[PDB]
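Undergrad: Let me start by giving you these chains from the complex, positioned as in the assembled structure:
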Amino acid sequence: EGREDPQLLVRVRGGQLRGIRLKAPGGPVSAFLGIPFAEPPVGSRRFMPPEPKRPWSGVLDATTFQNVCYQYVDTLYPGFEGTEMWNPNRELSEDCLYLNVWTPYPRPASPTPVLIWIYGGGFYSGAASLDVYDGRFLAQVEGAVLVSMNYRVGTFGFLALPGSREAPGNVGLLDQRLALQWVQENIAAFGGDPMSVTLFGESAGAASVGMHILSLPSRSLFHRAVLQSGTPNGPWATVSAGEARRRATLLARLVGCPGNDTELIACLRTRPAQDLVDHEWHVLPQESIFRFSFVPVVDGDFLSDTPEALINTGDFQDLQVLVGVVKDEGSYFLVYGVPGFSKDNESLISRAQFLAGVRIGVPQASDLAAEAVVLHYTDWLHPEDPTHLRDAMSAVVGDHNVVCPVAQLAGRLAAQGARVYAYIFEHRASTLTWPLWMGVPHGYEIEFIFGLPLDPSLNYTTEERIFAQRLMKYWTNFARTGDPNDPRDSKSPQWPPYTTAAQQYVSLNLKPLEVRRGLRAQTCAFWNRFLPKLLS
């Protein structure tokens, strides 16, 4: 010390860190990457809740991203940006409990609102190091303190033998909670305000944000929340204690593990990480799409009851939520799983293929429930039309898994005291490599919220750069005040809060804000009110 940049030297509870000065289009940013927040969850610690990281001696280098949590790498379309952009960009390791911090350069003089990003990837994949989650633009342009963490995914994060000591479940959510705890204690050293923390996430990340809202020990660690294309409630974000027990026992059999839970978990702990990844998908109860094997469990601990019971009975008076969806939530889920669908053709399907797809898309549906889905989504004027059937299939999956669980959450939070702001993202990136029939697929709003169009080397249009700047302003104004609206800008269209009376939401596209009413109201009344009665 003494020859290095004094603006990049910081101390945390665990010790000294050395960060890196990064270039963002408009100027420098301070980045502290790969900070350890927990004891490596390896060996005897596999399946166990995280332990806080013991202090270190000397200056820890925090200039590079750390290991990505052990997961299944997508090799479906080799060289394809559409799939490769989501793949791990660092080495896979069980030693992965690290977090990243981006702050303005020089570090802010007064306490600054903090944004904590929780990534998606069906609770089996993801990393905080991906290029779409780059906090440098938000830190530079908006002056934000951005934090992102790695949490255990798959069997490593969510394999549960409910009631056991050794594998209690939801440990990946506890990794997230420990990083929220770390922010409270240490973010002030970076110029961050621990008294103004906003959680934001997408897909499984949004479901994770939702589970922090529904779990009392997490509520003291944040003030506001953003749930993008994901919710704690719904058909995929959780499993029962019985279902998690079933899936962990089946995986144990599959890898040669046999009679109490201690014996079974000890044997699972001797298995190489890849053996577990190789059998992960083989525990699903049916042929399905938008279903993940190891997800949060309703344990009676982290989740005191189902997220459905919790959202219907909870008091959310003190809460501000920003929720929303993309135009085509379900389109991507059809390419691996539904026969007749491909990214390399227009995917014009037959009626038989549509009926077959509804059984895959709604796997828990009875013959009668699936018929109600088919009859609702058929256009009885053109019941055999291949383009309509193709789109209806996308809508079934999108509506069942995302839009209607989002509408249900917005409705319940608003009715029970929260301040809700709802959106629909309708802009398809000019740079998208997925076919046009897929529209705006699941996760393709992220690059805009994070401000990637501001980098001139990424070849986005001028319109897309102005639009990204607009979105970065909505998100950070929401983090700052609990309202996405700019107080100085009187002229710009206001984003009204979502209410049960008016059911107002906005469209996020290249045009100025548009206020719309009812988030897929007739269709979501079918999924949220009728279909549960067709489970009797």
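TA: Structure's in. What do you need? Numbers count the residues shown, from 1 in each chain, chains lettered A, B, ... in the order given.
Undergrad: who touches residue A:520 in this structure?
TA: Counting by Cβ atoms under 8 Å, 6 or more residues apart in numbering, residue A:520 touches A:399, A:403-404, A:407. In short, each C-beta sits where N, CA and C put it, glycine included.
Undergrad: same check, this time on residue A:379
TA: A:385, A:388, A:392.
Undergrad: Just the buried ones among the residues you listed, please.
TA: Restricting these to buried positions leaves A:388, A:392, with burial counted as 16 or more other Cβ atoms under 10 Å.
Undergrad: what's the closest of the contacts of residue A:379 to residue A:359?
TA: Using Cβ to Cβ, residue A:392 is the member of these that lies nearest residue A:359, at 14.2 Å.
Undergrad: Now find how far off-centre the one helix or strand residue A:249 maps to is within its chain.
TA: Assigned by DSSP states H and E, residue A:249 falls within helix A:241-254. Distance of helix A:241-254 from the chain centroid (Cα atoms, centre = their mean, to the nearest Å) equals 24 Å.
Undergrad: Which elements pack onto that helix?
TA: Counting contacts by 3 or more Cβ pairs under 8 Å, 6 or more residues apart in numbering; DSSP states H and E, helix A:241-254 packs against helix A:154-158, helix A:261-270, helix A:273-279.
Undergrad: Quick check: buried residues in the longest one?
TA: The neighbour-count criterion (16+ other Cβ under 10 Å) identifies A:261, A:264-265, A:268-269 as the buried residues of helix A:261-270.
Undergrad: Show me what that helix is in contact with.
TA: A:43-44, A:46-47, A:155, A:159, A:161, A:163-167, A:248-249, A:251-252, A:255-258, A:276.
Undergrad: Report the separation between the residue nearest the centre of chain A and residue A:342.
TA: Nearest residue to the geometric centre of chain A (Cα atoms, centre = their mean): residue A:205, 2.0 Å. Using Cβ to Cβ, to the nearest Å, one gets 28 Å for the distance from residue A:205 to residue A:342.
Undergrad: Also, this goes in as chain B:
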Amino acid sequence: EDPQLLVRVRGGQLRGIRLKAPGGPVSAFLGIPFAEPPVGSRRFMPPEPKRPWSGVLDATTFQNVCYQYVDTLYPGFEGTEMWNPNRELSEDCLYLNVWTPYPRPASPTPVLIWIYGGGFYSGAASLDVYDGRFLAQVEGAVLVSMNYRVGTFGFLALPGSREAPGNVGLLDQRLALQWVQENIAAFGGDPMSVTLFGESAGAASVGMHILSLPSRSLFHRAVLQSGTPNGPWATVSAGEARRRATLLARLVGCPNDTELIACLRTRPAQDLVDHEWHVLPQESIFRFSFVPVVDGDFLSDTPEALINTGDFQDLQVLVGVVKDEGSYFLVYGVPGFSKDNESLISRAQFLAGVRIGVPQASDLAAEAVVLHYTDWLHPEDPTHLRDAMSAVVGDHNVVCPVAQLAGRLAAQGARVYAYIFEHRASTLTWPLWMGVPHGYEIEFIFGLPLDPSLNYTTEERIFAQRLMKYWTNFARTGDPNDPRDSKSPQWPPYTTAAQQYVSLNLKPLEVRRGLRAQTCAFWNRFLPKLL
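TA: Next up, chain B placed on what we already have:
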């Protein structure tokens, strides 16, 4: 003595009356007997052909109206009184009426046979709305209308019994169709070009003549206005007919079939009318006590089975509905509804109404109805709930059974033409919320706006003329389109692929696609699966 008023039919000589229509005279032969009076021992029995008479039979006045329940709900109210009997009630009522141009046509003329509605418990061929004089004068048509037995008299059945076999009111109708074949040529009518037309229970009757082989040889074309043989109200099973006749017998103090039927035959007509409504299995609306029975005789199977398996290649059918089929059915039966207030109902009142409107519906089926018809943007809005209640009743009872019939006839070889009547008579005394209620297109088809004393607008007179042309062109050719009008828009046939129908209102024809397609997929495909 006018030679244009003396006709010799197989039963003997008749004398009509020269009537005045706006444009000129018409010949009318009213109250012609077509059957032996169905009185005494003949009560509940199939009709017998009328024995010949001596001299010249007077046919200058309408005859007795078949014995029925008279609506006394709103006394002096045009809205209800226009449907009430306008002649004396009697069991001696099997008479028909004939209207022809004056002088009688020189060449054989297409015949239109009108079959009235009234839930199979009421109606008469003598009502002012069924006046054939305009169609006879303006279009040169030979119009025939008959009285058929209604209520217990026409449809009380002890299935399998010889003395009360059921469907005798439909046999009264069939005998009048037989009479037309045998005698219409004496009036200048073409027995080889006979079109049946009817509304509500009359349309369901027309539909039952299509589905019953011995009737099929008596007509060539058909018009089903706001009614169908299929659906929840037009028929009952042999079992249901049996319990209702047994219950009614018990209610009037009666007493095996022979014994029970003989006791019923000793009862005065009004004693049977007094208990008629008390045999319905639930609190319901758009449900009638004595209706056609699936006997395995007149109806060889249910109208559903018959419409799904029938060959209709040789048939031309004109079908349609009115804008607000169910609105009227809500005033007597559904709490919160009235003709004297705007009927803005609550959510509770709507859920309660769905149980009355869909009486066969289980708790789950009724919930599916509620969830489908609720506007989830305004789920508590009283105007939406009021209007949704009207739609439930109209869709369940008329629009979706009509869509189902049109789809099946088209798929199985018929030529079908479908419409929606959206014009509300300027003269209507029912409140505005009721819109275009059940039966208010009839006065337009019959050409009543052409009479200047009835106070209809000029627009309504041009519109009635248009409709009279559609109906008579359909009777003439099996196509409602005018070959004279070498201008657009043409009325396309309804097909299962294109699902084309037209709107009948003051504006020129508009071609629309799918008759409430999504909603009727719910009633016709999903709801039957519950259970």
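Undergrad: returning to what we had before: export only the CA atoms of the helix holding residue A:249, formatted as PDB.
TA: Only the C-alpha atoms of helix A:241-254 are listed here, as PDB (Å, rounded to 0.1, in the frame of the first residue of the first chain):
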ATOM      1  CA  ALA A 241     -42.200 -30.900   1.900                       C
ATOM      2  CA  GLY A 242     -43.600 -34.200   0.400                       C
ATOM      3  CA  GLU A 243     -42.600 -33.400  -3.100                       C
ATOM      4  CA  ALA A 244     -39.000 -32.200  -2.200                       C
ATOM      5  CA  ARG A 245     -38.600 -35.400   0.000                       C
ATOM      6  CA  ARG A 246     -39.700 -37.500  -3.000                       C
ATOM      7  CA  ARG A 247     -37.300 -35.700  -5.500                       C
ATOM      8  CA  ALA A 248     -34.200 -35.900  -3.100                       C
ATOM      9  CA  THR A 249     -34.800 -39.600  -2.400                       C
ATOM     10  CA  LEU A 250     -35.200 -40.300  -6.200                       C
ATOM     11  CA  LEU A 251     -31.900 -38.400  -6.900                       C
ATOM     12  CA  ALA A 252     -30.200 -40.300  -4.100                       C
ATOM     13  CA  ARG A 253     -31.300 -43.600  -5.800                       C
ATOM     14  CA  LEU A 254     -30.200 -42.300  -9.200                       C
END
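Undergrad: quick one: that helix to helix A:261-270, angle?
TA: 50 degrees (axes from the mean of the first three to the mean of the last three Cα atoms, to 10 degrees).
Undergrad: Tell me the buried residues in helix A:241-254?
TA: Across helix A:241-254, burial judged by 16 or more other Cβ atoms under 10 Å in any protein chain shown covers A:241, A:243-245, A:247-249, A:251-252.
Undergrad: For residue A:239, see how far away residue A:296 is.
TA: Between residue A:296 and residue A:239 the distance, using Cβ to Cβ, works out to 8 Å.
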